[PDB]
Each structure stands twice: as structure tokens, then as C-alpha cells.
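Laboratory data are not the source of any read-out in this text; all were calculated from the coordinates shown. Positions of Cβ are generated from backbone atoms using ideal geometry, with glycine treated the same way; all protein chains shown enter the neighbour counts.
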Ligand SMILES: *[C@@H]1O[C@H](CO)[C@@H](O[C@@H]2O[C@H](CO)[C@@H](O[C@@H]3O[C@H](CO[C@H]4O[C@H](CO[C@H]5O[C@H](CO)[C@@H](O)[C@H](O)[C@@H]5O[C@H]5O[C@H](CO)[C@@H](O)[C@H](O)[C@@H]5O)[C@@H](O)[C@H](O[C@H]5O[C@H](CO)[C@@H](O)[C@H](O)[C@@H]5O)[C@@H]4O)[C@@H](O)[C@H](O[C@H]4O[C@H](CO)[C@@H](O)[C@H](O)[C@@H]4O[C@H]4O[C@H](CO)[C@@H](O)[C@H](O)[C@@H]4O[C@H]4O[C@H](CO)[C@@H](O)[C@H](O)[C@@H]4O)[C@@H]3O)[C@H](O)[C@H]2NC(C)=O)[C@H](O)[C@H]1NC(C)=O
Ligand SMILES: *[C@@H]1O[C@H](CO)[C@@H](O[C@@H]2O[C@H](CO)[C@@H](O)[C@H](O)[C@H]2NC(C)=O)[C@H](O)[C@H]1NC(C)=O
Ligand SMILES: *[C@@H]1O[C@H](CO)[C@@H](O)[C@H](O)[C@H]1NC(C)=O
């Protein structure tokens with residue numbers, strides 16, 4: 001009896017996060033610092049994948 | 001490379017503190033695990049408890065209310081006290097060294113693993129009668 | 001308790017382990033002779049400590065579903081001992097009790113005629129007498145002891161031990177006949193009869 005889980009390659013995720021933030025900076029500024037965190041709350045179907 | 005030598009009184013009155021000692025001549029007592037097993041006549045031999053290298057004890061739930069195991073630092077010896085012995089505690093007591101191996105069947109982060117123990121080196125055995 | 005197994009001399013044996021596991025396992029196989037220091041044969045299903053011969057082997061669980069059988073190739077007389085199967089799995093907790101004892105027996109051993117020796121009481125100064133009849137180097141370990149006063153059986157004061165194995169892989173046993181010195185000097189001679197299978201050996205001794 002094990003746990004169901006999902007994998008994703010770490011380096012590809014880091015690269016795609018970088019290319020996402022590079023375009024995010026086009027509407028908020030090159031110098032402003034943004035961060036990524038988990039969901040803030042609500043129903044189960046909202047706070048999870 | 002490890003030689004074990006048991007030493008016990010042999011006879012203890014009922015409702016007393018049975019005390020046995022196991023002398024080690026091979027190596028240090030703070031590197032490997034140690035455990036006590038008893039072969040009782042007419043029955044399969046029973047595992048009663050063990051003591052780790054970090055000085056933490058575990059006991060068989062049947063006898064956990066009555067058993068305690070200690071380790072000496074200056075002397076290369078390990079002692080076992082059994083409180084309130086009865087006619088059923090008569091057996092051949094063997095002290096044995098033990099190795100902690102962990103068996104893993106899945107992902108380390110999730111858990112999905114358990115520790116298993118095996119006693120490679122045993123002692124000759126000391127008989128204890130109540 | 002103990003469960004029996006019978007294997008022929010020289011053939012391969014497969015000892016089955018009870019209370020089989022529910023998940024991934026790292027079993028231990030222990031050989032225990034009665035009263036001696038137990039010695040493990042297997043600590044990890046395939047691995048063995050240095051010094052163990054290649055004759056003993058354990059089944060790895062390469063695919064979930066295999067059972068733990070201790071396979072012995074070329075079984076000899078020295079392999080006759082109890083076998084304990086310590087079982088560790090993921091689904092069960094801490095396994096305290098070892099597996100059910102497995103009394104291995106090696107059949108087709110060469111039978112030995114019983115070597116019998118009768119000793120009269122030494123002890124007479126202490127107002128006691130004990131005739132001692134000793135049997136050594138016989139197989140199988142199933143013998144019957146009978147005492148005879150001249151021709152009449154004694155049937156009283158006899159204390160006999162069950163046959164126990166010795167270093168020769170044969171058996172040894174002892175019998176004690178307790179008597180007063182007057183009764184020892186009364187009857188002419190005393191005969192210890194040891195019956196082994198169909199053979200019978202009689203030893204007679206008399207007061208001087
Ligand atoms: C998503 O991401 C997830 C996370 O990123 C990812 O999860 C991964 O899942 C997989 C499976 O789903 C996991 O894979 C498992 O890995 C287990 C651990 O394997 C490692 O460790 C062993 C053992 O190491 C000990 O032994 C060696 C010597 O053999 C020593 O050198 C070691 O130091 C260590 O021993 C010391 O340390 C111990 C602990 O301190 C002490 O106890 C001990 O006393 C010593 O001091 C290694 O052998 C493994 O090496 C093998 O793998 C490497 C690559 O890593 C290869 O180069 C090569 O193939 C090596 O052989 C490895 O390092 C495995 O145990 C497990 O497989 C067993 O379990 C399954 C399930 O029960 C069995 O069905 C299967 O048959 C395996 O059983 C074998 O092994 C046991 C253990 O001994 C035997 O008892 C058994 O009989 C059988 O042995 C047979 O095969 C042997 C060869 O394999 C052979 O030698 C024997 O003789 C015999 O024939 C399983 O594969 C993985 O761990 C997860 N990831 C993480 C990070 O945890 C997931 O996959 C991703 N993808 C998804 C979800 O789609
Ligand atoms: C997810 O699983 C797939 C397949 O189960 C993995 O893709 C395989 O990667 C190996 C590289 O070692 C290739 O040789 C195979 O051809 C690939 N399979 C396919 C169908 O393309 C993939 O690497 C896994 N990803 C993660 C993050 O675990
Ligand atoms: C941010 O950097 C880009 C370079 O791709 C540049 O074209 C743009 O002018 C910069 N914006 C600011 C506000 O510096």
C-alpha cells in the first residue's frame with residue numbers, strides 16, 4: 001500500500017518558470033520582484049491540482 | 001571477530017530481580033545493536049528486547065512491563081534485569097549482537113520503508129532457572 | 001511449536017517457511033541445535049555471512065509472489081537441527097517471535113550396534129548402590145533398557161534418560177538402578193539388556 005503521486009522534471013520546470021516570469025515582467029517592470037507560492041485556501045478542488 | 005561470554009546466577013527466587021551479564025571481547029559496545037533471546041524448554045525461542053548503539057531500549061510487549069536492558073560504557077558488557085520472575089522465565093538466555101538494515105520498496109521521501117534486524121553473532125548461552 | 005521435515009542423505013531439501021509475508025521482505029534463516037549457540041544461515045534473502053558454505057540458499061523476492069524456502073544441496077548428518085524463519089515485511093509490524101521451529105531429520109543414516117557397558121556400584125561405604133548401564137554410539141536413537149536379577153526382571157528403582165545425540169552423530173543414553181547393598185549382594189548377578197531395533201545385547205556383572 002503506497003501513495004499516489006506525480007513527478008515532473010525539476011530543470012524543465014525551472015526553465016519554464018523563468019520564461020514565464022520574463023514575460024510577466026513585461027506588465028509590471030523589470031526591477032519589481034515577484035514570487036510563487038501555493039494556493040491561499042478554499043474548496044478542495046481549488047487549492048490542489 | 002567478536003566473542004560473547006554470558007554470565008548469570010543460574011538460580012533466582014520467584015518475585016525477584018533476575019540479573020544477567022554479557023561480556024564482549026571483540027569490539028566497542030557503542031557501534032552495533034544488542035539484543036536478548038531466550039530459549040525456553042518445550043517452546044520456540046523468544047525474542048524479549050534490544051538496546052541500540054545510541055542507548056535506546058525496546059522490549060517485547062508481553063514482557064515490556066517487566067524487562068529492562070542496560071549497557072556499560074567503561075566495561076564492555078551489557079546487563080539485563082527482569083523484575084518479578086515466575087516459573088515461566090526459566091530458559092537459556094543468549095545475548096546477541098545485531099545490525100540495523102532498512103528495507104525500501106518505494107520512494108524514500110514518502111516513507112514506504114521499514115527497519116529489519118538480524119543477529120549475526122550470538123553467545124554461548126547462560127541457563128537461568130526460577 | 002516444532003514441525004518435522006524428513007530428507008534423504010545427499011538429496012536437495014526445500015524447507016518451507018510459515019506465516020508468509022504480505023509485502024516486501026528481508027527474511028532471516030537461523031539454524032539452531034538443541035542447547036547450543038544458534039547460528040544464522042541467512043540474514044538477507046540472498047546474502048550470507050562469511051564462512052557459510054554454498055550449500056544453503058534462500059529465495060530472493062525478485063518479483064512479488066515468491067515464498068521463502070531454505071534450499072539445502074547435499075544434505076549431510078550435521079544439518080539435522082532446528083530451523084527458525086524470522087519474517088519481516090512492510091505490511092506487518094515488528095515481528096518479535098521467530099518462525100515456527102523446523103525439525104530437520106536426515107534419513108537413511110548407517111545404523112550402529114549399541115556399545116553397552118555395565119558398571120556395578122562403587123558408594124557401598126555410603127550404604128547405597130546404583131548399577132549404571134551406559135549405551136554409546138548407536139543409531140537410531142531408539143533403545144529399550146531392561147534389568148534382570150539373575151533371571152527375574154527388576155522393574156523397580158529404574159531411572160533411564162532419553163537417548164541424546166553425541167559428537168559422533170550417533171546417540172548416547174544412561175540407566176541407573178538404585179538398590180540397597182544387601183539386595184545387591186543377595187542376587188547372584190545382574191544383567192542389563194539393551195534392545196536396539198531387532199538386536200539385543202546383554203551384559204552381566206556379579207558381586208566379588
Ligand atoms: C517518480 O519519482 C519517484 C521519486 O523521484 C520515483 O520513485 C522511485 O520508485 C522506484 C520504484 O517505484 C524506487 O525503486 C526502488 O528502489 C529500491 C531501493 O533501491 C536502491 O537501493 C538498493 C539497496 O541498496 C543497499 O544494498 C546495496 C548493495 O546491494 C548497498 O551498496 C547499499 O549501500 C544499500 O546497502 C546498505 O545500506 C542499507 C541502508 O542503509 C543497509 O540496510 C545495508 O545493510 C547496507 O549498509 C540498491 O541495490 C539499488 O541499486 C539499483 O538501482 C540503481 C539505480 O538506483 C541501478 O544502478 C541498479 O539497477 C542497482 O541494482 C538502489 O540504489 C529497490 O529496493 C526497489 O526494488 C526492490 O523492491 C521491489 C518492490 O518490493 C521488488 O519487486 C524488486 O524486485 C526489488 O527487490 C530487489 O532488491 C531487494 C533489496 O535487496 C532484494 O531483497 C530482492 O530480492 C531484489 O533483489 C534482486 O535484485 C537485485 C538487483 O536489483 C540483485 O542484486 C539481487 O541478487 C536479487 O536478484 C525499487 O526498485 C525508487 O527508490 C523511487 N525513488 C526514490 C528516490 O526513492 C518514481 O520511479 C518516479 N516515476 C514514476 C512514479 O513513474
Ligand atoms: C515519465 O515516464 C516516461 C515514460 O514512462 C519517461 O519517458 C521515458 O524516458 C526515458 C529516459 O530514460 C526514455 O528512454 C523513454 O523513451 C521515455 N518514454 C517515452 C514514452 O518517451 C519520463 O522520463 C518520465 N518522467 C519523469 C519526470 O519521471
Ligand atoms: C526591460 O528589459 C527589456 C529587454 O528585453 C527592455 O526592452 C525594456 O525596455 C526594459 N524595461 C525597463 C522598464 O527597463
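Determine the percent antiparallel among the DSSP beta bridges restricted to region C:1-108, to the nearest 5.
Antiparallel bridges make up about 75 percent of those DSSP assigns within region C:1-108.
Between B:67, B:96, B:88, which gets the highest mean-square fluctuation from a Gaussian network model of chain B, Cα cutoff 10 Å?
B:88
So what's the back-of-envelope 222 nm ellipticity for chain A, counting only DSSP H runs of four-plus at -39500 (n - 2.57) apiece and dividing by all residues, rounded to 500?
Theoretical 222 nm ellipticity from helices: -10000 deg cm²/dmol.
Show that you can apply the helix-only estimate: for chain C, add -39,500 (n - 2.57) for every DSSP H stretch of four or more residues, divide by all residues, and state [θ] at 222 nm to the nearest 500.
-500 deg cm²/dmol
Which angle between 0 and 90 degrees, to the nearest 10, do you get for helix A:10-24 versus the longest principal axis of chain A when only C-alpha atoms count?
The angle comes out at about 40 degrees.
Give me C:3, C:186 ranked fewest to most by other Cβ atoms within 10 Å of their Cβ, as a rough exposure proxy.
In increasing order of surrounding Cβ atoms, one gets C:186, C:3.
For a quick check: sort C:61, B:72 by the number of other beta carbons within 10 angstrom, fewest at the front.
Ordered from fewest to most neighbouring Cβ atoms within 10 Å, C:61, B:72 come out as B:72, C:61.
Cut-off is 10 Å between beta-carbons; in what order do C:84, C:30 appear when sorted fewest neighbours first?
Taking fewest neighbouring Cβ atoms as first place, the list is C:84, C:30.
Starting from the Cα of residue B:83, step 7 Å toward the Cβ, then list every residue of region B:25-66 with an amide N under 12 Å from that point.
Label zone hits: B:64-66.
Most mobile of B:54, B:103, B:13 per a Gaussian network model of chain B (Cα springs, under 10 Å)?
B:103
Given a Förster distance of 45 Å, report the FRET efficiency between residue C:158 and residue C:66 from their Cβ-Cβ distance, rounded to the nearest 0.05.
Efficiency computed from Cβ-Cβ geometry: 0.25.
Looking only at other chains, what is the average number of their beta-carbon atoms within 10 angstrom of each beta-carbon in A:10-20?
For peptide A:10-20, the averaged partner shielding equals 0.
Whole Å is fine, so just give me how far the alpha carbon centre of region C:1-58 lies from that of region B:99-121.
20 Å
For chain B, set up a Gaussian network in which alpha carbons nearer than 10 Å are linked by springs, and say which option among B:79, B:52, B:30 fluctuates the most.
B:30
In a solvent-free Debye calculation with one equal scatterer on each Cα, what is log10 I(q)/I(0) for region C:105-208 at q = 0.17, 0.22, 0.25 Å⁻¹, listed in the order of the q values?
-0.75, -1.11, -1.34
Region C:1-108: percent of C-alpha pairs farther apart than 18 Å?
47 percent
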